[PDB]
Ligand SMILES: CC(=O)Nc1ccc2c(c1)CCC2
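As a starting point, one isolated chain is supplied in structure tokens, in the form solved without this ligand.
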């Protein structure tokens, strides 16, 4: 399938134990997709002071469309030193590994895989 319905655990930035997916734009996008597939991916909602607490490169989920079965359609965009790789809509949050942190909510998304 080109798209997959996922329910992403929303984590508080100060709870996150593993604060990025790796060391290159290509690696973080790769790892993010693997974790999304394995159900081991969390979402941090971006506000003032969140991103500097996480590790670059960042992986964003961004709205790709204006929501089948409650699931907002999203795609992945990476960022490193203020350059983005991809072009998409509004940020829903930054993806991080989920290693058992207790979430505050779930974000239902339809991921272009």
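Positions refer to the first chain, counted from 1.
In the deposited sequence, the stretch from residue 66 to residue 67 hides 1 to 3 residues that have no coordinates.
The stretch with the higher mean CA B factor, choosing between 31-39 and 67-75, is 67-75. Taking only CA atoms, the mean B-factor in the PDB entry is higher for 86-94 than for the other of 86-94 and 14-22. In the PDB entry, a CA B factor belonging to the lowest third of its chain's modelled residues is recorded for residue 44.
The next section is about a form of this same protein that is not shown, the form deposited with this ligand bound.
Contact between residue 63 and this ligand in the deposited bound form is not found at the 4.5 Å heavy atom cutoff. Although the partner is absent here, residue 71 is not a contact residue: none of its heavy atoms lies within 4.5 angstroms of this ligand in the deposited bound form. Although the partner is absent here, residue 113 is a contact residue: one of its heavy atoms lies within 4.5 angstroms of this ligand in the deposited bound form. Looking at residue 36, you'd find a heavy atom of it within 4.5 angstroms of this ligand in the deposited bound form. Residues of 1-18 that come within 4.5 Å of this ligand in the deposited bound form, judged by any heavy atom, are 4, 6 in sequence order.
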